[PDB]
There are 2 protein chains.
Amino acid sequence: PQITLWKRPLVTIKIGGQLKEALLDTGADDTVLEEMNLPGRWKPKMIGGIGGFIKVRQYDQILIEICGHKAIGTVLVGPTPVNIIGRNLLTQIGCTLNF
Amino acid sequence: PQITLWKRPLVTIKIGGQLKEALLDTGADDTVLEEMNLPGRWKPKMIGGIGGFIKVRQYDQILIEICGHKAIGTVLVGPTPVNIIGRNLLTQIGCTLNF
Ligand SMILES: CC(C)[C@H](NC(=O)[C@H](C)NC(=O)OCc1ccccc1)C(=O)N[C@@H](Cc1ccccc1)[C@@H](O)[C@H](O)[C@@H](Cc1ccccc1)NC(=O)[C@@H](NC(=O)[C@H](C)NC(=O)OCc1ccccc1)C(C)C
Ligand SMILES: O=C(O)Cc1cc2ccccc2s1
(Lines give C-alpha, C1' and ligand atoms only; values in the text may rest on other atoms or scores of the structure.)
(Ligands and ions follow the chains in the order given, each with its own letter.)
Protein backbone atom coordinates (compact mmCIF):
# COMPACT_ATOMS: atom_id res chain seq x y z
CA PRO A 1 0.00 0.00 0.00
CA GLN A 2 0.89 3.68 -0.01
CA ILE A 3 -0.21 5.03 3.31
CA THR A 4 -0.75 8.74 3.90
CA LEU A 5 -0.27 10.05 7.36
CA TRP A 6 -3.37 12.26 8.11
CA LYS A 7 -4.33 9.65 10.73
CA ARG A 8 -2.09 7.23 12.74
CA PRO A 9 -0.77 4.51 10.40
CA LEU A 10 -2.47 1.55 12.13
CA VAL A 11 -2.50 -1.74 10.25
CA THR A 12 -3.73 -5.25 10.95
CA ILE A 13 -1.07 -7.69 12.20
CA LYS A 14 -1.23 -11.42 12.98
CA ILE A 15 0.81 -12.84 15.93
CA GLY A 16 0.28 -16.40 17.23
CA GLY A 17 -3.05 -16.77 15.43
CA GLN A 18 -4.53 -13.58 16.97
CA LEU A 19 -5.30 -10.51 14.85
CA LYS A 20 -4.20 -7.29 16.40
CA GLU A 21 -3.74 -3.69 15.33
CA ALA A 22 -0.43 -1.86 15.38
CA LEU A 23 1.28 1.42 14.46
CA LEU A 24 3.81 1.51 11.61
CA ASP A 25 6.45 3.58 13.42
CA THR A 26 9.57 4.88 11.71
CA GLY A 27 10.69 6.56 14.98
CA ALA A 28 10.86 3.19 16.76
CA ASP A 29 14.08 1.13 16.66
CA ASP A 30 12.21 -1.92 18.03
CA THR A 31 8.76 -3.41 18.01
CA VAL A 32 6.73 -3.11 21.25
CA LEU A 33 3.41 -4.74 22.09
CA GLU A 34 1.27 -4.48 25.27
CA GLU A 35 0.74 -8.25 25.65
CA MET A 36 0.52 -11.83 24.23
CA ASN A 37 1.47 -15.38 25.39
CA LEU A 38 4.60 -15.41 23.20
CA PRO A 39 6.31 -18.84 23.92
CA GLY A 40 7.28 -18.72 27.64
CA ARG A 41 10.47 -17.12 29.04
CA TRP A 42 11.76 -13.62 28.29
CA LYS A 43 14.97 -11.52 28.75
CA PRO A 44 14.73 -8.03 30.34
CA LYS A 45 15.65 -4.97 28.24
CA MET A 46 15.57 -1.19 28.71
CA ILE A 47 14.04 1.12 26.18
CA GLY A 48 13.69 4.94 26.16
CA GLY A 49 11.23 7.39 24.70
CA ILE A 50 10.32 11.00 25.29
CA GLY A 51 9.27 10.63 29.02
CA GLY A 52 12.28 8.55 30.10
CA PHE A 53 13.04 4.85 30.32
CA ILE A 54 11.08 1.66 30.93
CA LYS A 55 11.84 -2.03 31.42
CA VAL A 56 10.42 -4.43 28.78
CA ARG A 57 10.31 -8.21 28.13
CA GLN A 58 12.28 -9.23 25.01
CA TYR A 59 11.21 -12.27 22.99
CA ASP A 60 13.29 -13.40 20.03
CA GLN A 61 12.38 -15.24 16.79
CA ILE A 62 8.72 -14.16 16.79
CA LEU A 63 6.76 -14.87 13.64
CA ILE A 64 4.49 -11.95 12.73
CA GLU A 65 2.46 -11.00 9.70
CA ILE A 66 1.96 -7.34 8.82
CA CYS A 67 -0.86 -6.73 6.25
CA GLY A 68 -0.13 -10.25 5.12
CA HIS A 69 3.62 -9.56 4.80
CA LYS A 70 5.52 -12.26 6.74
CA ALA A 71 8.31 -11.25 9.06
CA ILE A 72 10.36 -12.70 11.97
CA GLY A 73 12.27 -10.86 14.63
CA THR A 74 12.46 -9.58 18.14
CA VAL A 75 9.31 -8.28 19.83
CA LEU A 76 9.23 -6.43 23.20
CA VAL A 77 6.36 -6.48 25.57
CA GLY A 78 6.07 -3.41 27.68
CA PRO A 79 3.89 -0.49 28.88
CA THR A 80 3.12 1.06 25.53
CA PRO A 81 -0.41 2.50 24.96
CA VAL A 82 -0.44 1.34 21.35
CA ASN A 83 1.15 -1.69 19.66
CA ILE A 84 4.28 -0.44 17.77
CA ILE A 85 5.88 -2.02 14.69
CA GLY A 86 9.40 -0.61 14.69
CA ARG A 87 12.20 -0.55 12.14
CA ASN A 88 13.53 -4.06 12.92
CA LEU A 89 10.34 -5.42 11.28
CA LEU A 90 9.51 -2.52 8.93
CA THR A 91 12.69 -3.36 7.05
CA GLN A 92 11.63 -6.99 6.64
CA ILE A 93 8.46 -6.05 4.72
CA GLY A 94 10.44 -3.59 2.56
CA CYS A 95 8.77 -0.48 4.08
CA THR A 96 10.18 2.85 2.98
CA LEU A 97 9.32 6.47 3.62
CA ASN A 98 8.78 8.44 0.40
CA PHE A 99 8.29 12.09 -0.64
CA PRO B 1 13.64 10.85 -1.79
CA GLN B 2 12.98 7.22 -0.87
CA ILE B 3 14.27 6.41 2.58
CA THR B 4 14.90 2.82 3.74
CA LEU B 5 14.65 2.00 7.43
CA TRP B 6 17.86 0.00 8.15
CA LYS B 7 19.05 3.02 10.15
CA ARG B 8 17.08 5.91 11.84
CA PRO B 9 15.43 8.21 9.18
CA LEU B 10 17.32 11.34 10.09
CA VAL B 11 17.12 14.20 7.60
CA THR B 12 18.30 17.82 7.39
CA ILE B 13 15.71 20.44 8.35
CA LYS B 14 15.83 24.24 8.39
CA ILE B 15 14.00 26.22 11.08
CA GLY B 16 14.57 29.80 12.25
CA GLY B 17 17.13 29.97 9.47
CA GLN B 18 19.37 27.30 11.06
CA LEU B 19 20.04 23.78 9.74
CA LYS B 20 19.34 20.94 12.17
CA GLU B 21 18.91 17.14 11.92
CA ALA B 22 15.53 15.54 12.77
CA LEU B 23 13.86 12.11 12.78
CA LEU B 24 11.00 11.57 10.33
CA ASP B 25 8.57 9.77 12.72
CA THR B 26 5.28 8.26 11.52
CA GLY B 27 4.66 7.25 15.14
CA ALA B 28 4.59 10.90 16.32
CA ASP B 29 1.24 12.83 16.09
CA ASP B 30 3.21 16.07 16.76
CA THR B 31 6.60 17.60 15.96
CA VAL B 32 8.97 18.11 18.97
CA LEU B 33 12.27 19.93 18.73
CA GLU B 34 15.17 20.75 21.09
CA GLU B 35 15.10 24.03 22.99
CA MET B 36 15.29 27.03 20.70
CA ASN B 37 13.43 30.32 20.53
CA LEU B 38 10.91 30.78 17.74
CA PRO B 39 8.76 33.77 16.73
CA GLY B 40 5.36 34.52 18.17
CA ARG B 41 3.77 33.50 21.38
CA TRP B 42 3.87 29.99 22.75
CA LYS B 43 1.49 28.16 24.98
CA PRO B 44 2.26 25.42 27.47
CA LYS B 45 1.50 21.80 26.60
CA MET B 46 2.20 18.31 27.93
CA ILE B 47 2.86 15.44 25.56
CA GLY B 48 3.07 11.74 26.36
CA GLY B 49 5.45 9.07 25.12
CA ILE B 50 7.17 5.91 26.24
CA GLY B 51 8.40 6.66 29.72
CA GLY B 52 5.70 9.28 30.49
CA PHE B 53 4.93 13.01 29.87
CA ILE B 54 7.13 16.05 29.22
CA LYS B 55 6.29 19.80 29.30
CA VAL B 56 6.79 21.64 26.00
CA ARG B 57 6.10 25.11 24.52
CA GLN B 58 3.74 25.01 21.57
CA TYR B 59 4.42 27.44 18.73
CA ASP B 60 1.84 27.68 15.90
CA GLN B 61 2.30 28.47 12.20
CA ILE B 62 6.08 27.99 12.13
CA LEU B 63 7.78 27.58 8.82
CA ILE B 64 10.14 24.64 8.41
CA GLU B 65 11.85 23.04 5.46
CA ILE B 66 12.32 19.32 5.49
CA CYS B 67 14.96 18.25 2.96
CA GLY B 68 14.11 21.45 1.16
CA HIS B 69 10.34 20.89 1.37
CA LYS B 70 8.27 23.68 2.89
CA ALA B 71 5.85 23.00 5.68
CA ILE B 72 4.06 25.40 8.07
CA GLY B 73 2.61 24.10 11.31
CA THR B 74 2.72 23.63 15.09
CA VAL B 75 6.17 22.91 16.50
CA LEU B 76 6.59 21.93 20.19
CA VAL B 77 9.83 22.73 21.91
CA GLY B 78 11.33 21.20 25.01
CA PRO B 79 13.64 18.57 26.56
CA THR B 80 13.48 15.94 23.81
CA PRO B 81 16.53 13.74 23.25
CA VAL B 82 16.04 13.79 19.45
CA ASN B 83 14.39 16.28 17.08
CA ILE B 84 11.18 14.67 15.87
CA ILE B 85 9.13 15.56 12.79
CA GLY B 86 5.69 14.15 13.23
CA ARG B 87 2.60 13.62 11.13
CA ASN B 88 1.31 17.18 11.33
CA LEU B 89 4.32 18.18 9.16
CA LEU B 90 4.85 14.84 7.26
CA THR B 91 1.43 15.25 5.65
CA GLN B 92 2.33 18.72 4.40
CA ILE B 93 5.29 17.44 2.41
CA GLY B 94 3.28 14.51 1.00
CA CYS B 95 5.32 11.90 2.93
CA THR B 96 3.91 8.33 2.67
CA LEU B 97 4.80 4.82 3.94
CA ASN B 98 5.17 2.32 1.03
CA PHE B 99 5.55 -1.48 0.86
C1 LIG C 1 8.69 3.21 21.04
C2 LIG C 1 10.18 3.24 21.38
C3 LIG C 1 10.72 1.91 20.80
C4 LIG C 1 10.88 4.42 20.66
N5 LIG C 1 12.22 4.53 21.21
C6 LIG C 1 13.26 4.09 20.59
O7 LIG C 1 13.28 3.50 19.42
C8 LIG C 1 14.66 4.12 21.02
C9 LIG C 1 15.30 5.48 20.93
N10 LIG C 1 15.34 3.04 21.24
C11 LIG C 1 15.70 2.34 22.31
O12 LIG C 1 15.24 2.50 23.47
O13 LIG C 1 16.63 1.39 22.09
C14 LIG C 1 17.16 0.50 23.12
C15 LIG C 1 18.04 1.28 24.07
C16 LIG C 1 17.49 2.31 24.83
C17 LIG C 1 18.23 3.06 25.73
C18 LIG C 1 19.57 2.75 25.87
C19 LIG C 1 20.15 1.73 25.11
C20 LIG C 1 19.40 0.99 24.20
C21 LIG C 1 10.14 5.73 20.85
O22 LIG C 1 9.76 6.07 22.09
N23 LIG C 1 9.97 6.49 19.82
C24 LIG C 1 9.20 7.75 19.81
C25 LIG C 1 10.12 8.89 19.36
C26 LIG C 1 11.40 8.99 20.12
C27 LIG C 1 12.56 8.44 19.55
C28 LIG C 1 13.77 8.52 20.29
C29 LIG C 1 13.86 9.11 21.57
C30 LIG C 1 12.71 9.65 22.14
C31 LIG C 1 11.50 9.57 21.39
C32 LIG C 1 8.14 7.75 18.74
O33 LIG C 1 8.72 7.22 17.58
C34 LIG C 1 6.85 7.05 18.72
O35 LIG C 1 6.61 6.38 17.75
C36 LIG C 1 5.64 7.24 19.55
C37 LIG C 1 5.34 5.88 20.15
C38 LIG C 1 4.18 6.17 21.04
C39 LIG C 1 2.93 6.54 20.51
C40 LIG C 1 1.86 6.85 21.37
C41 LIG C 1 2.06 6.80 22.77
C42 LIG C 1 3.33 6.43 23.29
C43 LIG C 1 4.40 6.14 22.43
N44 LIG C 1 5.79 8.13 20.66
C45 LIG C 1 5.73 9.33 21.04
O46 LIG C 1 6.48 9.38 22.11
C47 LIG C 1 5.01 10.58 20.46
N48 LIG C 1 3.70 10.71 21.11
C49 LIG C 1 2.62 11.01 20.50
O50 LIG C 1 2.43 11.08 19.19
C51 LIG C 1 1.52 11.46 21.43
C52 LIG C 1 1.08 12.91 21.33
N53 LIG C 1 1.27 10.62 22.36
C54 LIG C 1 0.29 9.92 22.96
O55 LIG C 1 -0.74 9.61 22.41
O56 LIG C 1 0.53 9.56 24.27
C57 LIG C 1 -0.44 8.79 25.07
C58 LIG C 1 0.00 8.15 26.37
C59 LIG C 1 1.19 8.52 27.03
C60 LIG C 1 1.59 7.89 28.23
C61 LIG C 1 0.74 6.92 28.80
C62 LIG C 1 -0.45 6.51 28.12
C63 LIG C 1 -0.84 7.15 26.92
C64 LIG C 1 5.88 11.85 20.64
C65 LIG C 1 7.25 11.71 19.93
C66 LIG C 1 5.15 13.12 20.14
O1 LIG D 1 8.19 27.82 31.95
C2 LIG D 1 8.58 27.76 30.80
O3 LIG D 1 9.54 28.60 30.43
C4 LIG D 1 8.00 26.77 29.82
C5 LIG D 1 6.83 25.92 30.31
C6 LIG D 1 6.04 25.66 31.46
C7 LIG D 1 5.04 24.68 31.34
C8 LIG D 1 4.13 24.24 32.31
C9 LIG D 1 3.17 23.27 31.99
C10 LIG D 1 3.08 22.66 30.75
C11 LIG D 1 3.99 23.06 29.75
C12 LIG D 1 4.91 24.06 30.08
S13 LIG D 1 6.16 24.82 29.16
Side-chain angles (χ1 to χ4, degrees), chain A residues 3 5-11 13 20-35 42-60 62 64 66 73-91 95 97, chain B residues 3 5-11 13 20-38 40-60 62 64 73-91 95 97:
Chain A
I3 292 167
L5 293 172
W6 299 103
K7 71 185 165 80
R8 280 184 184 195
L10 293 167
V11 305
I13 60 164
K20 281 169 160 182
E21 211 174 305
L23 176 69
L24 297 179
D25 184 358
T26 58
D29 291 345
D30 310 316
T31 294
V32 189
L33 315 179
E34 264 172 18
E35 57 93 45
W42 47 263
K43 163 202 160 293
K45 191 182 165 55
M46 295 311 298
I47 71 153
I50 224 103
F53 309 77
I54 52 150
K55 185 146 57 72
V56 299
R57 314 147 174 201
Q58 168 183 340
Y59 295 80
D60 284 313
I62 299 309
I64 173 172
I66 304 160
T74 300
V75 177
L76 317 177
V77 172
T80 178
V82 61
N83 294 318
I84 295 308
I85 304 305
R87 294 187 296 98
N88 73 300
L89 302 177
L90 292 171
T91 50
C95 196
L97 279 169
Chain B
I3 309 171
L5 293 165
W6 302 106
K7 60 175 167 89
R8 297 189 195 181
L10 291 175
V11 290
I13 63 162
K20 309 202 168 316
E21 195 174 319
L23 182 71
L24 299 188
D25 185 2
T26 62
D29 294 340
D30 304 316
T31 287
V32 193
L33 306 187
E34 57 178 82
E35 287 290 340
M36 53 184 315
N37 190 330
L38 293 176
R41 296 177 191 286
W42 54 267
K43 54 199 185 175
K45 195 197 164 108
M46 301 220 336
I47 49 160
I50 289 310
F53 285 81
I54 65 165
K55 296 178 168 175
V56 298
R57 296 179 335 262
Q58 177 180 323
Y59 296 85
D60 295 330
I62 295 289
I64 181 170
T74 297
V75 167
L76 322 174
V77 177
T80 181
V82 52
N83 292 326
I84 297 163
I85 307 311
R87 303 186 291 98
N88 78 292
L89 303 175
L90 300 169
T91 49
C95 190
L97 291 160

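The chains referred to below are lettered A, B, ... by the order of the sequence lines, with proteins before strands, and numbering in each begins at 1. Whatever order the structure lists ligands and atoms in, that order sets their numbers, starting from 1.
- Among the candidates A:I66, A:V32, A:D25, the single residue satisfying the side-chain contact (heavy atoms from CB on, under 4.5 Å) test with A:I85 is A:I66.
- Two residues are said to be in side-chain contact when any heavy atoms from C-beta on lie closer than 4.5 Å; A:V11 and A:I3 meet this criterion.
- Residue contacts with ligand 1 include B:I84, since one of its heavy atoms falls under 4.0 Å from the ligand.
- Under the 4.0 angstrom criterion for non-hydrogen atoms, A:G48 is in contact with ligand 1.
- B:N83 contributes a side-chain N or O that, together with a main-chain N or O of B:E21, makes up a donor-acceptor pair within less than 3.5 Å.
- For atom 4 (C) of ligand 2, a protein heavy-atom neighbour is present inside the 4.0 Å cut-off.
- At least one heavy atom of A:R8 sits closer than 4.0 Å to an atom of ligand 1.
- Atom 61 (C) of ligand 1 has B:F53 CE1, 4.3 Å as its closest protein atom, hydrogens excluded (heavy atom only).
- For atom 65 (C) of ligand 1, a protein heavy-atom neighbour is found at a distance under 4.0 Å.
- The distance from ligand 2 to the heavy atoms of B:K45 drops below 4.0 Å at these ligand atoms: 10 (C), 11 (C).
- Residues A:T26 and B:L97 are in side-chain contact: their nearest non-hydrogen atoms beyond the backbone lie under 4.5 Å apart.
- The protein heavy atom nearest to atom 34 (C) of ligand 1 is A:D25 OD2, 3.2 Å.
- Among protein heavy atoms, the minimum distance from atom 13 (S) of ligand 2 is reached at B:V56 O, 3.6 Å.
- Judged by distance alone, the side chain of B:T80 and the main-chain N or O of B:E34 form no donor-acceptor pair under 3.5 Å.
- Annotation: side chain of A:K55 is in contact with side chain of A:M46 (closest heavy-atom distance under 4.5 Å).
- Taking a cut-off of under 4.0 Å to the non-hydrogen atoms of B:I50, the atoms of ligand 1 that pass are 1 (C), 22 (O), 42 (C), 43 (C).
- Protein heavy atom closest to atom 12 (C) of ligand 2, with residue, atom name and distance, is B:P44 CB, 3.4 Å.
- Here the CG atom belonging to A:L89 is positioned 9.0 Å from the CD1 atom belonging to A:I13, to the nearest 0.5 angstrom.
- In this structure, B:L76 and B:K45 have side chains that are in contact, with non-hydrogen atoms separated by less than 4.5 Å.
- Side chains of A:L10 and A:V82 form a contact here, defined as non-hydrogen atoms less than 4.5 Å apart.
- Distance from atom 29 (C) of ligand 1 to its nearest protein heavy atom, with residue and atom name: B:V82 CG1, 3.5 Å.
- When only non-hydrogen protein atoms are considered, atom 50 (O) of ligand 1 lies nearest to B:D29 N, 2.8 Å.
- Contact annotation for atom 27 (C) of ligand 1: protein present (non-hydrogen atoms, distance under 4.0 Å).
- Short contacts between ligand 1 and B:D30, defined as distances under 4.0 Å to a heavy atom of the residue, involve ligand atoms 52 (C).
- For ligand 2 and B:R57, the ligand atoms under 4.0 Å from any heavy atom of the residue are 4 (C), 13 (S).
- The closest side-chain heavy-atom distance from B:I62 to B:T31 is not below 4.5 Å.
- B:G27 O, 3.9 Å is the protein heavy atom nearest to atom 44 (N) of ligand 1.
- Protein heavy atom closest to atom 15 (C) of ligand 1, with residue, atom name and distance, is A:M46 O, 3.7 Å.
- Expressed to the nearest 0.5 Å, how far CG of B:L90 lies from SG of B:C95 amounts to 5.0 Å.
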(message) Evaluate B:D60 against B:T74 for side chain to side chain donor-acceptor pair (under 3.5 Å), listing each step before the verdict.
(response) CA-CA 4 Å; B:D60 295 330; B:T74 297; 3.0 Å; yes
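- Every atom of ligand 1 with a heavy atom of A:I47 under 4.0 Å away is listed here by number and element: 12 (O), 16 (C).
- Scanning the protein for heavy atoms near atom 2 (C) of ligand 2, the closest one is B:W42 CH2, 4.1 Å.
- Atom 8 (C) of ligand 2 has its closest protein heavy atom at B:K55 CD, 3.7 Å.
- Within the structure, ligand 1 has B:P81 among the residues with a heavy atom less than 4.0 angstrom away.
- Of the possible donor and acceptor atoms, one in the side chain of B:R87 sits under 3.5 Å from a partner among the backbone N and O of A:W6.
- Among protein heavy atoms, the minimum distance from atom 46 (O) of ligand 1 is reached at B:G49 CA, 3.2 Å.
- Taking the side chain as every heavy atom from C-beta outward, B:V56 and B:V77 never approach each other to under 4.5 Å.
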